[PDB]
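Novice: Sharing a structure below in structure tokens format, with a few things to ask.
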Amino acid sequence: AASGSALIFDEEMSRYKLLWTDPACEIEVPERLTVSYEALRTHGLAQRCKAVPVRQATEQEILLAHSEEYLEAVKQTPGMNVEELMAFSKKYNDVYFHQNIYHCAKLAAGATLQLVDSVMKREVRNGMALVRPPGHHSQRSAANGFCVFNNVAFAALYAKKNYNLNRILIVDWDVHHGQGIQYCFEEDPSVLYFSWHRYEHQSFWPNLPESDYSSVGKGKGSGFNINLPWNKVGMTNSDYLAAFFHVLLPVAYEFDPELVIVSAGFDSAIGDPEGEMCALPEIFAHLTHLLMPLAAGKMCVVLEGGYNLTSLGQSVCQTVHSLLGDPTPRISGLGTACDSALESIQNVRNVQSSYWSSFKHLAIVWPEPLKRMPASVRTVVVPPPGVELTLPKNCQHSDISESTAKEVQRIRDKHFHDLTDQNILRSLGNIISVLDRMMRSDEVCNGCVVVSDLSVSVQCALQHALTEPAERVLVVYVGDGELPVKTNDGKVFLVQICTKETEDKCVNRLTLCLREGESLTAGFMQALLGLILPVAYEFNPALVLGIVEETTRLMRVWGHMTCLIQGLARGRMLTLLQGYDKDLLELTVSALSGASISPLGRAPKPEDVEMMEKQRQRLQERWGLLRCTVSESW
Ligand SMILES: [N][C][C][C][N][C][C][C][C][C][B+]([O])([O])[O]
Ligand SMILES: [K+]
Ligand SMILES: [K+]
Ligand SMILES: [Zn+2]
């Protein structure tokens, strides 16, 4: 029922700045705020987001994560001259104070709480706050690393108290370690904290042993703190997505959070002087997109770092774009993570194996991003004739025109001479016309068509896709038969989920024979996050073809599959379901349209996880993004 996204911002938070020479804080400028908000307005994104006003965080809220002694000291900074602010700032590590910074710090915190209440009251689906100062270095009795009050720490504690939540996920993709957040929830198993960060074997600020992968949390909350230390600069999109597919997402989906909060620092993006990483601004479109199936989309993005003003504006727009549900950009050039990334991926999964099921079995210029825009109508639905269905506001039906109708006639005489059934012939007329509207017309994004004959339906859908043209087509098929899909020219990759064990010799095919049982859904999510998504992302298809046979435990997982796989091919996925299932049809259309996805809530069987790692053994040499260990030098 929730809909819309909140952009919380105020130009007042850009009215404090550094007043003395200090190279350790020159980069933290108020223009960070003004540049990103105007980039949002230039690209029409701010106008599409509900503008919730900012608040001052009350004293009682500040005390949720900070001591009275520290709050009292900061409260005295508006009365200091610059000499007294200099002396106050040198008592902390890499942070300056301003006559207005206490004022803005309360606003940055209140803005985060305004976002939390807007999302938890269902007044919006999600949102982002553009705050300054940052927060994730702030500690209970200390300002640290440009941070005065831990904004993200407030949101989790605030959401814990006023909405009695049991599970909150904090994802810190800033290039720095959010040690303030880790310290505050170290023993809290209700707030699962994840942060990747430039570590460089503890030689990069803040130079803490606790920033390493060793720190899994303390006491009752052990295994609820996950650090992924980057030990080399120049991390790429492949490293960031390997981090998601093989660490964060497996843990995040077993945790099943009731709310997601993102410490969104964009100093991890290309060209940032502080992070010195190499991920493109488009990567945050996918980091955002891959998280939105969690907690029914309840996601609050809070700004932290990001200092290259061009790199910063581009990354902000890519995040709000995916927040609004716009199609994701195709990511080209994906491959294996570097050896150093694979080394830290390896170590985190090993130490976390005591706590998380998906691991237990182990025991400077760049191009400007292409324009992103929602389709005129996102999803087109073709139910059987005479079946009227209630459809969301961005979903239509079908009206085959003369030229499309002649194409099915040409196809019939060539490959289907005996095909006389006029019901199949209408399905092929729709398949072509919606594919025509998805690929070339750009007015439609995706679509879903109910079919009668599976064999004929797949050929026309796939063959008409390749000549339109579609450089690559990923085919995801839930069924047991064989399909008219040739997988040798490197143009097609086939994912098959079946009930019969089968051997695969082609390295462009991935068959998963998952054991039938209660285990089915937990094992499917592991193969989705750890095998299907990494391969599909490296493949970079131009189109996704979903096929479901009539012979039903797909209901639980098919929604997240449809939502997550829409990160590929700019979200242009056409689904063919054999036979009419009102619930199944309404589920895919709901997921294809960009609606909220209902959550899941065990652990899989070793018979299945072994089948999956053998698939990984068989394919990771070709598809390096599958790798979760360092390759062995011969
Ligand atoms: N170029 C010199 C900066 C060095 N001082 C530490 C940076 C703290 C980072 C804060 B944040 O990016 O997490 O917001
Ligand atoms: K981080
Ligand atoms: K924790
Ligand atoms: Zn940072």
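Within each chain, counting starts at residue 1; across the structure tokens, chains are named A, B, ... in the order shown, with ligands numbered 1 upward in that order.
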Within 6 Å of region 116-132 of chain A, counting only C-alpha atoms, which residues qualify if same-chain residues fewer than 5 places away don't, as a list in words?

Specialist: residues 2, 3, 4, 5, 6, 7, 8, 9, 13, 108, 298, 299, 300, 301, 302 and 303 of chain A

Novice: Write the selection just made, keeping N, CA and C atoms, as a tab-separated table (two decimals), in the first residue's frame?

Specialist:
```
chain	number	residue	atom	x	y	z
A	2	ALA	N	2.05	1.15	0.60
A	2	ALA	CA	2.98	2.27	0.62
A	2	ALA	C	3.50	2.55	-0.79
A	3	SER	N	3.73	3.83	-1.07
A	3	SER	CA	4.19	4.24	-2.39
A	3	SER	C	4.85	5.61	-2.28
A	4	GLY	N	5.86	5.82	-3.11
A	4	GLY	CA	6.60	7.06	-3.12
A	4	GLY	C	7.92	6.94	-2.37
A	5	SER	N	8.76	7.96	-2.55
A	5	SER	CA	10.06	8.02	-1.92
A	5	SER	C	10.27	9.42	-1.37
A	6	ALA	N	10.86	9.50	-0.18
A	6	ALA	CA	11.05	10.78	0.50
A	6	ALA	C	12.48	11.27	0.29
A	7	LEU	N	12.62	12.52	-0.12
A	7	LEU	CA	13.90	13.20	-0.17
A	7	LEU	C	13.90	14.27	0.91
A	8	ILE	N	14.63	14.01	1.99
A	8	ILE	CA	14.74	14.95	3.10
A	8	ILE	C	16.03	15.74	2.93
A	9	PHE	N	15.92	17.06	2.92
A	9	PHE	CA	17.05	17.93	2.65
A	9	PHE	C	16.73	19.33	3.15
A	13	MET	N	21.86	22.83	6.43
A	13	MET	CA	22.95	21.93	6.75
A	13	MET	C	24.21	22.20	5.93
A	108	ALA	N	20.74	17.10	11.01
A	108	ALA	CA	21.12	15.87	10.32
A	108	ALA	C	20.54	14.65	11.03
A	298	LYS	N	11.12	-1.30	2.79
A	298	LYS	CA	11.34	-0.26	3.79
A	298	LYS	C	12.83	0.01	3.94
A	299	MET	N	13.33	1.04	3.25
A	299	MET	CA	14.75	1.32	3.16
A	299	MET	C	14.99	2.82	3.29
A	300	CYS	N	15.85	3.19	4.23
A	300	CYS	CA	16.17	4.59	4.51
A	300	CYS	C	17.65	4.83	4.23
A	301	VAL	N	17.94	5.57	3.16
A	301	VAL	CA	19.31	5.86	2.75
A	301	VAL	C	19.74	7.17	3.39
A	302	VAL	N	20.88	7.16	4.08
A	302	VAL	CA	21.38	8.33	4.78
A	302	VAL	C	22.78	8.65	4.27
A	303	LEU	N	22.99	9.89	3.84
A	303	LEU	CA	24.27	10.29	3.28
A	303	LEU	C	25.36	10.28	4.34
```

Novice: So that I can check the secondary structure, give me every residue of region 96-201 of chain A assigned helix (DSSP H, G or I) by backbone DSSP, as an MDAnalysis selection string.

Specialist: chainID A and resid 101:120 151:163 179:184

Novice: Could you pull out the strand (DSSP E or B) residues of region 556-632 of chain A from DSSP and send them as number ranges by chain?

Specialist: A: 573-578

Novice: For region 585-587 of chain A, list every protein, DNA or RNA residue within 8 Å, evaluated using only C-alpha atoms, and leave out those in the same chain fewer than 6 positions away; present the list as a list in words.

Specialist: residues 555, 558, 559 and 577 of chain A

Novice: Hey, which residues sit close to ligand 3? Say within 8 Å, counting only C-alpha atoms and all ligand atoms, and write them as an mmCIF file with N, CA, C and O atoms, in the first residue's frame.

Specialist:
```cif
data_model
loop_
_atom_site.group_PDB
_atom_site.id
_atom_site.type_symbol
_atom_site.label_atom_id
_atom_site.label_comp_id
_atom_site.auth_asym_id
_atom_site.auth_seq_id
_atom_site.Cartn_x
_atom_site.Cartn_y
_atom_site.Cartn_z
ATOM 1 N N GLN A 182 29.526 0.246 14.769
ATOM 2 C CA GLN A 182 29.941 -1.061 15.269
ATOM 3 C C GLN A 182 30.059 -1.061 16.789
ATOM 4 O O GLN A 182 29.618 -2.008 17.451
ATOM 5 N N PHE A 185 26.386 -1.124 18.470
ATOM 6 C CA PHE A 185 25.611 -2.353 18.368
ATOM 7 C C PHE A 185 26.483 -3.601 18.468
ATOM 8 O O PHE A 185 26.075 -4.673 18.012
ATOM 9 N N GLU A 186 27.675 -3.477 19.060
ATOM 10 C CA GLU A 186 28.624 -4.587 19.116
ATOM 11 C C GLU A 186 27.985 -5.847 19.686
ATOM 12 O O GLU A 186 28.126 -6.940 19.126
ATOM 13 N N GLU A 187 27.267 -5.709 20.798
ATOM 14 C CA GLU A 187 26.626 -6.835 21.459
ATOM 15 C C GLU A 187 25.136 -6.929 21.156
ATOM 16 O O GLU A 187 24.436 -7.725 21.789
ATOM 17 N N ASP A 188 24.636 -6.141 20.205
ATOM 18 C CA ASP A 188 23.215 -6.137 19.893
ATOM 19 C C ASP A 188 22.944 -7.075 18.728
ATOM 20 O O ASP A 188 23.343 -6.769 17.593
ATOM 21 N N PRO A 189 22.276 -8.211 18.944
ATOM 22 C CA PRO A 189 21.942 -9.106 17.831
ATOM 23 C C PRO A 189 20.713 -8.683 17.044
ATOM 24 O O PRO A 189 20.365 -9.356 16.067
ATOM 25 N N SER A 190 20.047 -7.601 17.443
ATOM 26 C CA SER A 190 18.889 -7.093 16.724
ATOM 27 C C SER A 190 19.258 -6.105 15.626
ATOM 28 O O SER A 190 18.420 -5.815 14.766
ATOM 29 N N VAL A 191 20.481 -5.582 15.635
ATOM 30 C CA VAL A 191 20.959 -4.657 14.614
ATOM 31 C C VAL A 191 22.169 -5.309 13.959
ATOM 32 O O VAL A 191 23.267 -5.319 14.528
ATOM 33 N N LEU A 192 21.977 -5.860 12.763
ATOM 34 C CA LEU A 192 23.050 -6.514 12.022
ATOM 35 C C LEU A 192 23.771 -5.462 11.185
ATOM 36 O O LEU A 192 23.194 -4.896 10.251
ATOM 37 N N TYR A 193 25.034 -5.210 11.515
ATOM 38 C CA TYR A 193 25.835 -4.185 10.861
ATOM 39 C C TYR A 193 26.783 -4.822 9.853
ATOM 40 O O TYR A 193 27.493 -5.780 10.178
ATOM 41 N N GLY A 217 31.544 -9.168 16.324
ATOM 42 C CA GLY A 217 30.687 -8.788 17.427
ATOM 43 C C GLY A 217 31.069 -9.502 18.713
ATOM 44 O O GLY A 217 31.889 -10.423 18.740
ATOM 45 N N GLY A 221 25.590 -10.809 20.625
ATOM 46 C CA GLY A 221 25.464 -10.315 19.269
ATOM 47 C C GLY A 221 26.636 -10.677 18.381
ATOM 48 O O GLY A 221 26.962 -9.944 17.442
ATOM 49 N N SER A 222 27.284 -11.802 18.670
ATOM 50 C CA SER A 222 28.370 -12.271 17.822
ATOM 51 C C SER A 222 27.812 -12.822 16.517
ATOM 52 O O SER A 222 26.768 -13.481 16.497
ATOM 53 N N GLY A 223 28.513 -12.547 15.420
ATOM 54 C CA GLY A 223 28.009 -12.874 14.106
ATOM 55 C C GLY A 223 27.025 -11.876 13.541
ATOM 56 O O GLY A 223 26.492 -12.107 12.448
ATOM 57 N N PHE A 224 26.757 -10.781 14.251
ATOM 58 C CA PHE A 224 25.903 -9.711 13.756
ATOM 59 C C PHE A 224 26.695 -8.452 13.432
ATOM 60 O O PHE A 224 26.105 -7.384 13.234
ATOM 61 N N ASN A 225 28.021 -8.557 13.382
ATOM 62 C CA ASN A 225 28.895 -7.503 12.885
ATOM 63 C C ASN A 225 29.775 -8.118 11.809
ATOM 64 O O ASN A 225 30.487 -9.093 12.072
#
```

Novice: Please identify every residue of chain A that has at least one atom no farther than 6 Å from an atom of ligand 1, counting only C-alpha atoms and all ligand atoms, and for each give the shortest atom pair and the distance in Å to one decimal, arranged by chain then increasing number, as CSV.

Specialist:
```
residue,atom,partner,partner_atom_place_in_ligand_line,distance
A:24,CA,ligand 1,2 (C),4.0
A:25,CA,ligand 1,3 (C),5.4
A:27,CA,ligand 1,1 (N),5.8
A:94,CA,ligand 1,5 (N),5.1
A:134,CA,ligand 1,14 (O),5.0
A:145,CA,ligand 1,8 (C),3.8
A:146,CA,ligand 1,10 (C),5.4
A:176,CA,ligand 1,13 (O),5.0
A:274,CA,ligand 1,1 (N),5.3
A:304,CA,ligand 1,14 (O),4.5
A:305,CA,ligand 1,14 (O),3.5
```

Novice: For each of A:494, A:554, A:312, A:461, take the minimum atom-to-atom distance to ligand 4, counting only C-alpha atoms and all ligand atoms, then give the residue where this is smallest.

Specialist: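 When distances to ligand 4 are compared using only C-alpha atoms and all ligand atoms, the smallest one comes from A:312.
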
Novice: Hey, what's within 9 Å of region 156-162 of chain A if we count only C-alpha atoms and toss same-chain stuff fewer than 3 positions away? As an MDAnalysis selection string, please?

Specialist: chainID A and resid 61 64:65 113 116:117 120 152:153 165:170 190:191 259 261

Novice: With only C-alpha atoms and all ligand atoms counted and 9 Å as the cut-off, give the residues of chain A in contact with ligand 4, each with its shortest interatomic distance in Å and the pair that gives it, as a tab-separated table.

Specialist:
```
residue	atom	partner	partner_atom_place_in_ligand_line	distance
A:134	CA	ligand 4	1 (Zn)	8.4
A:136	CA	ligand 4	1 (Zn)	8.5
A:137	CA	ligand 4	1 (Zn)	8.7
A:145	CA	ligand 4	1 (Zn)	8.2
A:173	CA	ligand 4	1 (Zn)	8.6
A:174	CA	ligand 4	1 (Zn)	4.8
A:175	CA	ligand 4	1 (Zn)	4.8
A:176	CA	ligand 4	1 (Zn)	4.2
A:177	CA	ligand 4	1 (Zn)	7.4
A:178	CA	ligand 4	1 (Zn)	8.2
A:197	CA	ligand 4	1 (Zn)	8.5
A:264	CA	ligand 4	1 (Zn)	8.8
A:265	CA	ligand 4	1 (Zn)	5.5
A:266	CA	ligand 4	1 (Zn)	7.4
A:267	CA	ligand 4	1 (Zn)	5.6
A:268	CA	ligand 4	1 (Zn)	7.6
A:274	CA	ligand 4	1 (Zn)	7.7
A:275	CA	ligand 4	1 (Zn)	7.5
A:304	CA	ligand 4	1 (Zn)	6.4
A:305	CA	ligand 4	1 (Zn)	4.2
A:306	CA	ligand 4	1 (Zn)	6.6
A:307	CA	ligand 4	1 (Zn)	8.8
```

Novice: Can you list, as number ranges by chain, every protein, DNA or RNA residue that comes within 12 Å of residue 398 (chain A) when you count only C-alpha atoms, leaving out same-chain residues fewer than 2 positions away?

Specialist: A: 377, 379-385, 395-396, 400-401, 426-437, 444, 447-450

Novice: Write a file of the selected residues as a compact mmCIF listing (two decimals), in the first residue's frame, keeping N, CA, C and O atoms.

Specialist:
```
# COMPACT_ATOMS: atom_id res chain seq x y z
N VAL A 377 4.56 2.76 -19.71
CA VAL A 377 3.89 1.72 -18.95
C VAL A 377 4.92 0.65 -18.63
O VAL A 377 5.53 0.08 -19.55
N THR A 379 4.73 -2.47 -17.13
CA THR A 379 4.43 -3.87 -17.35
C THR A 379 3.18 -4.01 -18.21
O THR A 379 2.21 -3.27 -18.02
N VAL A 380 3.21 -4.94 -19.15
CA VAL A 380 2.05 -5.28 -19.98
C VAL A 380 1.68 -6.73 -19.70
O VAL A 380 2.54 -7.60 -19.67
N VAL A 381 0.39 -6.97 -19.49
CA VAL A 381 -0.12 -8.27 -19.06
C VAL A 381 -1.02 -8.83 -20.15
O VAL A 381 -1.89 -8.12 -20.66
N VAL A 382 -0.82 -10.10 -20.49
CA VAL A 382 -1.69 -10.78 -21.44
C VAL A 382 -2.26 -12.03 -20.78
O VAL A 382 -1.66 -13.11 -20.85
N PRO A 383 -3.39 -11.92 -20.09
CA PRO A 383 -4.04 -13.10 -19.53
C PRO A 383 -4.83 -13.84 -20.59
O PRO A 383 -5.00 -13.33 -21.71
N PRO A 384 -5.31 -15.04 -20.30
CA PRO A 384 -6.16 -15.77 -21.26
C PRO A 384 -7.37 -14.94 -21.66
O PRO A 384 -7.77 -14.02 -20.93
N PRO A 385 -7.98 -15.24 -22.81
CA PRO A 385 -9.09 -14.40 -23.29
C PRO A 385 -10.30 -14.48 -22.37
O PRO A 385 -10.64 -15.55 -21.85
N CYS A 395 0.22 -0.99 -15.37
CA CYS A 395 0.15 -2.27 -16.07
C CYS A 395 -1.08 -2.31 -16.96
O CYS A 395 -2.21 -2.13 -16.48
N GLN A 396 -0.88 -2.54 -18.25
CA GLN A 396 -1.96 -2.61 -19.22
C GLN A 396 -2.12 -4.04 -19.74
O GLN A 396 -1.45 -4.98 -19.30
N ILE A 400 -3.20 -6.64 -31.58
CA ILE A 400 -2.20 -6.94 -32.59
C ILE A 400 -2.51 -6.18 -33.87
O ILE A 400 -3.63 -6.24 -34.39
N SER A 401 -1.51 -5.47 -34.40
CA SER A 401 -1.69 -4.67 -35.60
C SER A 401 -1.29 -5.47 -36.84
O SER A 401 -0.80 -6.60 -36.75
N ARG A 426 -2.57 -16.57 -31.39
CA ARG A 426 -2.78 -15.28 -30.73
C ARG A 426 -1.74 -15.02 -29.66
O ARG A 426 -1.37 -13.86 -29.43
N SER A 427 -1.25 -16.07 -28.99
CA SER A 427 -0.19 -15.90 -28.01
C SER A 427 1.10 -15.44 -28.67
O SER A 427 1.80 -14.57 -28.14
N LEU A 428 1.43 -16.01 -29.84
CA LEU A 428 2.62 -15.57 -30.56
C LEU A 428 2.47 -14.16 -31.11
O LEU A 428 3.45 -13.43 -31.23
N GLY A 429 1.24 -13.76 -31.45
CA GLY A 429 1.02 -12.39 -31.86
C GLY A 429 1.26 -11.41 -30.73
O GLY A 429 1.77 -10.31 -30.95
N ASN A 430 0.90 -11.80 -29.50
CA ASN A 430 1.13 -10.93 -28.36
C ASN A 430 2.60 -10.91 -27.96
O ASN A 430 3.16 -9.84 -27.69
N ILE A 431 3.25 -12.09 -27.94
CA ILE A 431 4.66 -12.18 -27.58
C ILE A 431 5.49 -11.23 -28.44
O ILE A 431 6.34 -10.49 -27.93
N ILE A 432 5.25 -11.24 -29.75
CA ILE A 432 6.00 -10.38 -30.65
C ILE A 432 5.70 -8.92 -30.37
O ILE A 432 6.61 -8.08 -30.29
N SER A 433 4.42 -8.59 -30.19
CA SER A 433 4.04 -7.18 -30.07
C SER A 433 4.53 -6.57 -28.76
O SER A 433 4.91 -5.40 -28.72
N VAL A 434 4.53 -7.34 -27.67
CA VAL A 434 5.05 -6.80 -26.41
C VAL A 434 6.57 -6.75 -26.44
O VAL A 434 7.18 -5.80 -25.95
N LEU A 435 7.21 -7.77 -27.02
CA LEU A 435 8.66 -7.72 -27.22
C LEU A 435 9.04 -6.54 -28.10
O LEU A 435 10.05 -5.87 -27.85
N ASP A 436 8.25 -6.28 -29.14
CA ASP A 436 8.47 -5.09 -29.96
C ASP A 436 8.39 -3.82 -29.12
O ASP A 436 9.18 -2.89 -29.30
N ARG A 437 7.44 -3.77 -28.18
CA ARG A 437 7.26 -2.58 -27.36
C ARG A 437 8.31 -2.48 -26.26
O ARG A 437 8.60 -1.38 -25.79
N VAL A 444 7.39 0.54 -23.14
CA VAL A 444 7.12 -0.55 -22.21
C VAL A 444 8.45 -1.10 -21.71
O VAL A 444 9.42 -1.20 -22.48
N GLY A 447 7.00 -7.32 -19.37
CA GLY A 447 5.67 -7.83 -19.64
C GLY A 447 5.58 -9.30 -19.29
O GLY A 447 6.58 -9.98 -19.07
N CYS A 448 4.34 -9.78 -19.25
CA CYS A 448 4.05 -11.15 -18.85
C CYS A 448 2.88 -11.69 -19.66
O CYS A 448 1.82 -11.06 -19.71
N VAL A 449 3.08 -12.85 -20.29
CA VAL A 449 2.10 -13.43 -21.21
C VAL A 449 1.87 -14.88 -20.83
O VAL A 449 2.82 -15.64 -20.64
N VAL A 450 0.60 -15.27 -20.71
CA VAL A 450 0.21 -16.64 -20.41
C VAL A 450 0.09 -17.42 -21.71
O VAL A 450 -0.56 -16.95 -22.66
```

Novice: Give the answer as one residue: which of A:110, A:534, A:624, A:206 has the shortest atom-to-atom distance to ligand 2, using only C-alpha atoms and all ligand atoms?

Specialist: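 For ligand 2, the nearest of the candidates is A:206.
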
Novice: Got a sec: who's within 7 Å of residue 546 (chain A), counting only C-alpha atoms, leaving out chain neighbours fewer than 4 positions off, as a PDB file with N, CA, C and O atoms, in the first residue's frame?

Specialist:
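Output file around.pdb is given in full below:
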```
ATOM      1  N   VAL A 475      17.947 -16.926 -20.192  1.00  0.00           N
ATOM      2  CA  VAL A 475      16.701 -17.679 -20.111  1.00  0.00           C
ATOM      3  C   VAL A 475      16.652 -18.372 -18.756  1.00  0.00           C
ATOM      4  O   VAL A 475      17.558 -19.141 -18.411  1.00  0.00           O
ATOM      5  N   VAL A 476      15.599 -18.098 -17.991  1.00  0.00           N
ATOM      6  CA  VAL A 476      15.396 -18.675 -16.665  1.00  0.00           C
ATOM      7  C   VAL A 476      14.116 -19.497 -16.724  1.00  0.00           C
ATOM      8  O   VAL A 476      13.022 -18.944 -16.898  1.00  0.00           O
ATOM      9  N   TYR A 477      14.247 -20.813 -16.567  1.00  0.00           N
ATOM     10  CA  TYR A 477      13.164 -21.750 -16.844  1.00  0.00           C
ATOM     11  C   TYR A 477      12.967 -22.674 -15.653  1.00  0.00           C
ATOM     12  O   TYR A 477      13.914 -23.332 -15.212  1.00  0.00           O
ATOM     13  N   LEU A 574      10.630 -10.645 -20.079  1.00  0.00           N
ATOM     14  CA  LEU A 574       9.344 -11.171 -20.510  1.00  0.00           C
ATOM     15  C   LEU A 574       9.149 -12.561 -19.926  1.00  0.00           C
ATOM     16  O   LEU A 574      10.040 -13.411 -20.024  1.00  0.00           O
ATOM     17  N   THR A 575       7.982 -12.786 -19.329  1.00  0.00           N
ATOM     18  CA  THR A 575       7.683 -14.020 -18.618  1.00  0.00           C
ATOM     19  C   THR A 575       6.589 -14.793 -19.342  1.00  0.00           C
ATOM     20  O   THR A 575       5.532 -14.236 -19.660  1.00  0.00           O
ATOM     21  N   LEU A 576       6.849 -16.072 -19.598  1.00  0.00           N
ATOM     22  CA  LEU A 576       5.870 -16.988 -20.169  1.00  0.00           C
ATOM     23  C   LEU A 576       5.516 -18.035 -19.123  1.00  0.00           C
ATOM     24  O   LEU A 576       6.378 -18.822 -18.715  1.00  0.00           O
TER      25      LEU A 576
END
```

Novice: For a test of reading the model, state the distance in Å between CA of residue 536 (chain A) and CA of residue 345 (chain A), rounded to one decimal.

Specialist: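 For CA of residue 536 (chain A) relative to CA of residue 345 (chain A), the distance reads 19.9 Å.
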